[PDB]
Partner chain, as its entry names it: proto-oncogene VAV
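Here's a solo chain for you in structure tokens, the form solved without its partner chain.
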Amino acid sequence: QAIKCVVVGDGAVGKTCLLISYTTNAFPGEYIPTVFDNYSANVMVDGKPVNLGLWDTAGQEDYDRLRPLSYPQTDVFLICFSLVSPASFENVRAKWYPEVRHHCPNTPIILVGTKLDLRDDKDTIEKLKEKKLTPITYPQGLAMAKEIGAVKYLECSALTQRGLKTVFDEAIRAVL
């Protein structure tokens, strides 16, 4: 079964790394901003084989009139935000949930907190502290998910791969 999955979210949240770590079991060298890339993976979820078409989108605001072109016939959306960027988190409800629902009213949304490894990280906590900012907790993620009518909230690290397979397993489970 062919399943189309589109990934959106603010620039630098870890969309590309998420997709490349999942499909190749390797974390990308540098940070090259995505224009548009196309990945695929053969998955087995609950006894079913699936062709998972993964569509990587640009998080830069410049591509606002270009991004909705990826949206038709989408089976499941991943809206991504960094657990370590409150700003990216606020934009889940301010930008990404509205943009997805204006074009795809019904398509299931999975909300995905990325960079889980960085949540308990010393340098990062302290760097957010100096701006009177704090990492996004799990309860807040779940409330945001309910807020945007997401079908699942999941947390993962593209770096350690912690929670990474479940993201896509649940993405497929929201279509099936």
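For clarity, a rigid core is taken as the largest C-alpha set superposing within 1.5 Å between two forms. Positions refer to the first chain, counted from 1.
What comes next is about the form deposited with its partner chain bound, which is not displayed.
> Does every residue of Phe81, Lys132 and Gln140 put a non-hydrogen atom within 4.5 angstroms of its partner chain in the deposited bound form?
The answer is no: none of the three residues contacts the partner (heavy atom, 4.5 Å cut-off).
> How about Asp117: is it within 4.5 Å of its partner chain in the deposited bound form, going by heavy atoms?
Residue-level check for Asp117: no, no contact with its partner chain.
> Quick one: is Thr107 in contact with its partner chain in the deposited bound form, heavy atoms, 4.5 Å cut-off?
Flag for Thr107 set to no.
> Can you tell me whether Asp64 touches its partner chain? I mean in the deposited bound form, with a 4.5 angstroms heavy atom cut-off.
Judged by the heavy-atom cut-off of 4.5 Å, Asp64 is in contact with its partner chain in the deposited bound form.
> Though only this chain appears here, would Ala58 touch its partner chain in the deposited bound form if you measure heavy atom gaps against 4.5 Å?
Yes, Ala58 sits close enough to its partner chain in the deposited bound form that at least one of its heavy atoms falls within 4.5 Å.
> At a 4.5 angstroms cut-off on non-hydrogen atoms, which residues of 21-43 are near its partner chain in the deposited bound form? List them in order.
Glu30, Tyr31, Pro33, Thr34, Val35, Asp37, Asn38, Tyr39, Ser40, in sequence order.
> Where among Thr107, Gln140, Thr34, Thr124 does the Cα move by 2 Å or more between the shown form and the other one after the core is superposed?
Going through each option, the one that shifts is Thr34.
> Relative to what's shown here, the Cα pair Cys17 and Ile32 differs by 3 Å or more in the deposited bound form. Does it come closer or drift farther?
Compared with the form shown here, the C-alpha atoms of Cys17 and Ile32 sit closer together in the deposited bound form, by 3 Å or more.
> Distance change of 3 Å or more between the C-alpha atoms of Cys17 and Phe36 in the deposited bound form: closer or farther compared with this structure?
Distance between the C-alphas of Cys17 and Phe36: shorter in the deposited bound form, by 3 Å or more.
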